[PDB]
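Protein chains in written order, with our numbering: chain A, 26 to 310; chain B, 193 to 560; chain C, 193 to 560; chain D, 6 to 269; chain E, 158 to 594.
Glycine is no exception: its CB is placed at the ideal position from the N, C-alpha and C atoms.
The next block holds one structure in the form of structure tokens; read it before the comments.
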Amino acid sequence: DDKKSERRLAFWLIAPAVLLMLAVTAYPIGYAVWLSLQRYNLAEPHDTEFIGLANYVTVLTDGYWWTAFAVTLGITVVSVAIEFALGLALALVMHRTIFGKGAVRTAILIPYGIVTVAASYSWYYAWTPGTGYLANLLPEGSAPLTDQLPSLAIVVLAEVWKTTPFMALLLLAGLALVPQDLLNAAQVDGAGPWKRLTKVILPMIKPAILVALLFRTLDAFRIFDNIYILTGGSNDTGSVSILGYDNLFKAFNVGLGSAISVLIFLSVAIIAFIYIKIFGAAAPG
Amino acid sequence: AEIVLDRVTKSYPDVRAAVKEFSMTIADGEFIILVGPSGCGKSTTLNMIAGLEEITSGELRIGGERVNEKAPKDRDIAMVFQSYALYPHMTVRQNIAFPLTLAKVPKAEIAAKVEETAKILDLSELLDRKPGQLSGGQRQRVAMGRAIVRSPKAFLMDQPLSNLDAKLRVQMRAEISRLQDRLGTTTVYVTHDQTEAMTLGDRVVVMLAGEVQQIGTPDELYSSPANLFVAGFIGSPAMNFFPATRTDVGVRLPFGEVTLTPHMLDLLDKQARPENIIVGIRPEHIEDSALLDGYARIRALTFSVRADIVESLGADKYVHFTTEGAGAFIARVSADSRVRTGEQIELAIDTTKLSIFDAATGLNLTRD
Amino acid sequence: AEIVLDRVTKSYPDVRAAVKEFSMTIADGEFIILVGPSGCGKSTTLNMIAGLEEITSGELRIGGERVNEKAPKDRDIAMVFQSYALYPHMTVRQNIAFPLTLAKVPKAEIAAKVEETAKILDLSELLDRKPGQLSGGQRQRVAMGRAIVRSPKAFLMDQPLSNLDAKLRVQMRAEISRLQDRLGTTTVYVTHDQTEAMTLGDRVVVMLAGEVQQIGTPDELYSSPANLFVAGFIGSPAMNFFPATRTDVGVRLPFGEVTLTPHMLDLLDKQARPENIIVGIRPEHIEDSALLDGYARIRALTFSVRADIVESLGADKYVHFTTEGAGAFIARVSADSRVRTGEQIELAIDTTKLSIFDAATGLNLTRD
Amino acid sequence: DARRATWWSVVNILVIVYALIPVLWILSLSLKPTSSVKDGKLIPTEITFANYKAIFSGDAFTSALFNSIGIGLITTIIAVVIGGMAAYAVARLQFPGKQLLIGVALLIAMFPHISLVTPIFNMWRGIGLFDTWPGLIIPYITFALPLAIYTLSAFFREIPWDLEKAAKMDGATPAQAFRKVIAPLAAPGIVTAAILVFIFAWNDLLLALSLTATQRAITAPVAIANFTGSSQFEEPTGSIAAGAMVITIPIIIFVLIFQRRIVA
Amino acid sequence: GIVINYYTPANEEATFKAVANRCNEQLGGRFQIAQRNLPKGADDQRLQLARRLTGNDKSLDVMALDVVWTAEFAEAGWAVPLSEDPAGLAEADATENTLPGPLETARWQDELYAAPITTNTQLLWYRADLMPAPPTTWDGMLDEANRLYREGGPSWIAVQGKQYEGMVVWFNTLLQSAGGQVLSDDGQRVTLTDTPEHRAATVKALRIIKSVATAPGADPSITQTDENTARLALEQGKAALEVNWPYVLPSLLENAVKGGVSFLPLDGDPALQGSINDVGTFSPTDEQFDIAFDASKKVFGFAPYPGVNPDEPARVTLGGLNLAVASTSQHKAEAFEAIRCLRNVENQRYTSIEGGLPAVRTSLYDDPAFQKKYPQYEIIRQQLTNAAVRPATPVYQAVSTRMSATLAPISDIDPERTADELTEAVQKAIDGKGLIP
Ligand SMILES: Nc1ncnc2c1ncn2[C@@H]1O[C@H](COP(=O)(O)OP(=O)(O)OP(=O)(O)O)[C@@H](O)[C@H]1O
Ligand SMILES: Nc1ncnc2c1ncn2[C@@H]1O[C@H](COP(=O)(O)OP(=O)(O)OP(=O)(O)O)[C@@H](O)[C@H]1O
Ligand SMILES: OC[C@H]1O[C@H](O[C@H]2O[C@H](CO)[C@@H](O)[C@H](O)[C@H]2O)[C@H](O)[C@@H](O)[C@@H]1O
Ligand SMILES: [Mg+2]
Ligand SMILES: [Mg+2]
């Protein structure tokens, strides 16, 4: 029989992956959830007891969570929209361009291969006045890192330049699928250079752009480096990954810093659920 | 629109010319058939007309203006691809509608045109099924639907009926020839089946190794083949041929002498002499001597051959034989023929249907 | 190996059956041809015999044992696909070699088979180019090499010569027939072209809407079609059919009268009487009244009609006509025929070659 | 066509300029003497190489660079393979592609590392792989693997079906069909996964900073962060920039070779 | 063989590796000192210690704690108090020549939980060419800034304005010099507004911050300045005044010999040319250092930190490092013996002169070589004798974060409201409630 043999092959074939994911990650997830139910503090590990759901209501009722959450959500949707719209454009010029493609393919992927600390300091010194090369282009005394909307705009730029190559590369690799004769068949059926993109290119690459959009969005929600180094926790713009770190690494409140991790996991799970259920062409389909 | 091709070419590195010096004009509403061997450049020619292949040299004109550099959308022509390329992601109704939506027609009028042409292509209703569900003989119809609806400056079609059954071939051929005349639309159609060519064509064009060999009406081609290649290519079974020596009154063949008809003998007197010649005769112009009337028997020549094999088609038989000495064998004998296998039979020929060719050049002598 | 299908089915959820109770043994070395309309279970059957599609109910057997659950590699039957499937990264050379490399044969011996099979197909020189560079007839021809190389337990082929020019088909068919005889190897072949069925077939299978209609030699389907669909199915032009009324010695036609052969009339006495007769004759069995010599005038019967259109192909005239009254019309007539355009014609028929059918059942009553 | 050539020329210089100016700024922060690393000028003057020879004085950075090569390559080699097996399973086979497998694969990438790293520390305290390559490659692969399984599945699911029918008909065993039919057609997916996984490993921090402490396993992304300077509070900016201009070169050389494969 | 693992911050290794080598010779081979690196980030060193300490790591022996961590590591029982030492000697090498500020700084509930090894203090730095004398009070700094602003000179005051702990160090110094404090000495109560003197001190500290942030011609960036930007703001000559730690002097001289500063063009000096080594680091002869330093005293100078009240010395808040023995350690007597060795006067000298970290033992402030390296030594001695301290409490990291998040951005201060807001905010941290901001 085929089916009896194919499940038997399939269980060999997934074996190392499900083992390596489960055996390492099941205990850390289980412990990170279980610590959330209790008054655990890393400074007195013997002086701890079960607290029930109290670690969730005490974060969920707090304006510090909502201010940080609103900022991380607003940064997420605005950055991902720009990075996707730009991502298509960068993938197309990285595909179609006649002029020695290896030059663009390297020069457009090198930003992703810059270290996240050097990238964040590069932008931080770039925007301080009298010391950053593009800060001097502003009117006198501008100092845009000092207040809320301009510093948020600077971190969106510092995010878009560094991660639009992720989506541009998955878009390129997905776009290399599309059979040239179906493009020719659109072109001689009178499709313009944009009219074929919206009606032939995109709907054929739909299951590949889901991957780019999904892993990119689930990463964007947990921003940390580009908003801790550059303008570290100032004028209310702390993303929720900073809110988590500040309640764990530099406060030792393990019983709450784990709850502030479970709630971003849940909120990111709702975004993940919506993306797979609205696309339908997802991996298990 | 008129279409004019002037010395157009396509060529490739191993350079090798896939199409070479091709030159022709096509009148408004004219139905051209293109014919030849596989790999001779036919699709390559349609790709040059469509603009999907860049011309390596020569000139292309439409309606009196040059189009060499103009993109396929701007050329405003409709094509059926050899592969019948069909999208995924779009069920058959909207798969057919696609070019009309790019033309931005009113949505109701698009839908009405789709559900008309669904009947005229025998596709059943507009079906709402994705192409993955459809047979090869169904997919080629869906591909026809895209081309049928638009009303272009010209139709290009690469073997558009090839995957259909024998009834749907003749019935869709009726649907095509109706609509092409109804729209008065200039047409290039490509096929390996010369039996389509001889009924669809206002003219027919035949090509070998990237070069045209003859152009005409189907009756022009069949009555007057310009070379041994085209004389062998057209008709079914193919023309019978024999090497022979010219005679001052005719031609001395391996089986006897045929006196050449005086007017054509005067043309052979006007012509330059080859050192050898080939005759070509239709297998259906070979007959049983007993089935001729006297008024054919006074012109016909007669000879005898051993009936080795036969095969039948009801109205006719393909008597199979063979003879001593080198070539340059079938006779297509009438319904009343009494042949049996292994018999010695008394044959005759319509001596008026001898075409003659230069044996060194392969060029036909009989064509004017 | 024998193949046996037994009440097999395949059905697709809307459920719609594409094959309905199909049942046949196929002998060792037998050359079956499947034929039918578009989209009627052909390729679905080849996918069930290949094991590329699972049967929904009923059974399939090979070599005297059941195979429904067994792997395609357990069956080891060659297949040529409707799509002409090819590997686009590999060259033509390693495409054709691929089953030999899967079989782990020695490199020099594999290359000797590739040479011998390139020559055996008469395909080309050993081109070694990526398949995406090829013309249409070339792709289909290359897709034969995968199947023809490996000398399998059986061949399945789906429209294997469809894209090629006729000058290649007449060769390639002959090579397939030689090889199939030489290897003595069970074959299924599938085609739109019923002229292939009447030259390849050990048996031919005619199918409509997933249901088998007749099984037999080409001559048996041609001279004793079991029902009105298969009676309309093969030869050219299509068989000509009329409503008619029973007569005490034969038939009263809408335009004439025929005394029938007593044995055929006795079959019309063994069968129950329908309310009307349907009658059929092949266009090639219709003749001029001027064609009746002394022998023929005793066995024939006659009437007259206007030619509605006349058309010609050298070897035959297609004389279109229309009678008064309804059909259930073409005559195919000799190259000796002196009929002209639109002429009033006296007509003759062989009273032994007529066929008769039940108007309610559609069954051939002349069949035996 | 001179228009088509002009258009692609201006687009190419626009894209190269757009991408590289913030990298040219990092290079200028590397090359300026510390008297003028705060001067506000994009184009340097009075250039000095002193910042490179500062970070290269002693083996502490160069050993961290060698560690980053070893851990980076072994991560991409293994994670592409065990992600490849799993992806081919969910993409073509009948039953392993259960929505549960993609569900658990997402949960590994969906949950924050900030919580996970302390349970991971007290595991490697026990198992004994702490501050050594295996105890750092292992968590790397586990957190890389969701991207590899989900990406490669979304490419293997798209190789046309009659190529696999032809591989069955030509008698090939499924692993040989994967080797000679599937993987050569899916090569852009393979190469993309290898690049995305390598670049993920090549600049990770939260794990590497917690699971290392000595030259046996310290890696360039942390060895660039913990540089000394003239004070406890003064940022060593020219050393940070000089570190990035060294540590990016493998991330060029890897891409430059592999992008040759990405063509249709 | 016995080895003692001495854990210290990433940037200090070039000092403590050499001092550990010297001790590994001097101990007579009973045991050796092995130097270990923590991360560079201060709040990350805390976690790497806290993990090992919770994980019972037997390879953890002696730690260099930051000054403000003592109450945390003491309340956790991670630091063993010097009063538990097997020898009876660690508490006696502490005290007997140690500066009184740093000595008190280590204690929790008056027990010594650690032994001081390094200390540091802010000072006021000024352009001695632009004013006749340095200002002695924050109103005087505002006066000189306002004067220079009108006159068209440098108008910025360089300070620690950002939301980093330096803002708390500055605020706490103002609050302490105003005569208040953040907490009760037991850390159980928030005392900022419990009596009108404490409110008055608190609103005076807040009002001084508000004033220097908002004054005419202040730095537009002042909401985001730290030690790094404070230094360059004086080196580029945009500020006239700066408050900073003592590392600034050699950094200026190193910039001046490089020609980074326009008011002290020492790159033109033929004797100073070549005073920087192959890796661009200033390494002068005695005469090159004297030439550079003498030329700096023409134009640049240092002064005691300016007061909140007239003719009152400011109680400056300290920085430093404290040694402690880990309660996971397996060689406790030897670990206390290693600590007593690391604090000997010749290793304090090495730490000060070669290492650039100010001594904690009083006798070195009498050494002419120490007085050569640190010209300002008298002002340091004085300030270190009368020091303020950070509010040492187990929840300090929460208190400091929630307090810094209440002040910043410094332009939005309003003294009465912000004294209320801090009283409320710090009380939530002492109660242990809500998220840390
Ligand atoms: N994947 C599918 N989804 C839905 N229906 C299908 C599918 N495959 C086959 N069918 C059904 O089977 C019929 C086509 O049968 P089949 O594929 O055997 O045609 P075929 O033998 O290829 O005909 P031809 O060779 O003349 O094209 C259709 O009418 C369709 O309803
Ligand atoms: N893209 C290409 N690159 C290289 N050579 C090509 C390319 N396309 C076609 N050729 C070659 O040039 C010739 C052109 O033939 P063409 O593709 O027009 O086939 P065709 O004449 O239409 O016959 P068919 O109907 O079988 O396709 C072919 O024989 C082929 O070998
Ligand atoms: O979302 C922007 C950031 O994406 C990357 O970082 C994310 O993915 C890492 C995987 O290891 C995580 O550690 C990190 O927490 C995520 O933020 C990228 O590396 C960053 O440079 C981007 O700022
Ligand atoms: Mg073609
Ligand atoms: Mg088919």
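I want to see whether chain C comes within less than 7 angstroms of residue i, judged by CB atoms only; does it?
i: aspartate 87 of chain A; result: no
i: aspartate 206 of chain A; result: no
i: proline 189 of chain D; result: yes
i: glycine 194 of chain D; result: no
Run through the DSSP bridge pairs and tell me what residue i is partnered with.
i: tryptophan 235 of chain E; result: In the DSSP output, where bridge partners are listed per residue, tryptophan 235 of chain E has none listed.
i: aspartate 550 of chain C; result: C:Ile469
i: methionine 399 of chain C; result: C:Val404
i: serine 203 of chain C; result: C:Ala209
i: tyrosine 283 of chain E; result: E:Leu398 and E:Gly458
i: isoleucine 204 of chain D; result: DSSP output for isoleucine 204 of chain D lists no bridge partner at all.
With 7 angstroms as the threshold, decide whether the Cβ of residue i is near any Cβ in chain B.
i: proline 228 of chain A; result: yes
Report all residues from its chain with a CB closer than 6 angstroms to the CB of residue i; omit the five preceding and five following residues, and keep chain order.
i: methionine 364 of chain C; result: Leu353
i: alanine 339 of chain B; result: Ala270 and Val272
i: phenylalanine 66 of chain D; result: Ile60 and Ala228
Leaving out the 5 sequence neighbours to the left and right, which residues in its chain are closer than 7 angstroms to residue i when beta-carbon positions are compared?
i: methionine 324 of chain E; result: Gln317, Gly318, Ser561, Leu564 and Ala565
i: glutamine 274 of chain B; result: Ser235, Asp350 and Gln351
i: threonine 248 of chain B; result: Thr201, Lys202 and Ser203
i: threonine 278 of chain E; result: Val473, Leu475, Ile537, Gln540 and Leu541
Any beta carbon of chain D sitting closer than 7 angstroms to that of residue i?
i: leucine 389 of chain E; result: yes
i: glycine 437 of chain E; result: yes
Is DSSP giving residue i helix, strand or coil here?
i: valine 259 of chain B; result: coil
i: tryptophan 219 of chain A; result: coil
i: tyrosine 149 of chain A; result: helix
i: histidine 512 of chain B; result: strand
i: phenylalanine 214 of chain B; result: strand
i: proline 525 of chain E; result: helix
Answer with yes or no whether the minimum CB distance from residue i to chain E is below 7 angstroms.
i: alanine 65 of chain D; result: no
i: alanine 57 of chain A; result: no
Of all Cβ atoms in chain A, is any one closer than 7 angstroms to the Cβ of residue i?
i: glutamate 317 of chain C; result: no
i: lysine 265 of chain B; result: yes
I want to know whether the stretch 213-231 of chain A touches the stretch 290-298 of chain B - three or more CB-CB distances under 8 angstroms. yes
Would you check if the stretch 492-501 of chain C and the stretch 537-548 of chain C touch, i.e. whether three or more CB-CB distances between them fall below 8 angstroms? yes
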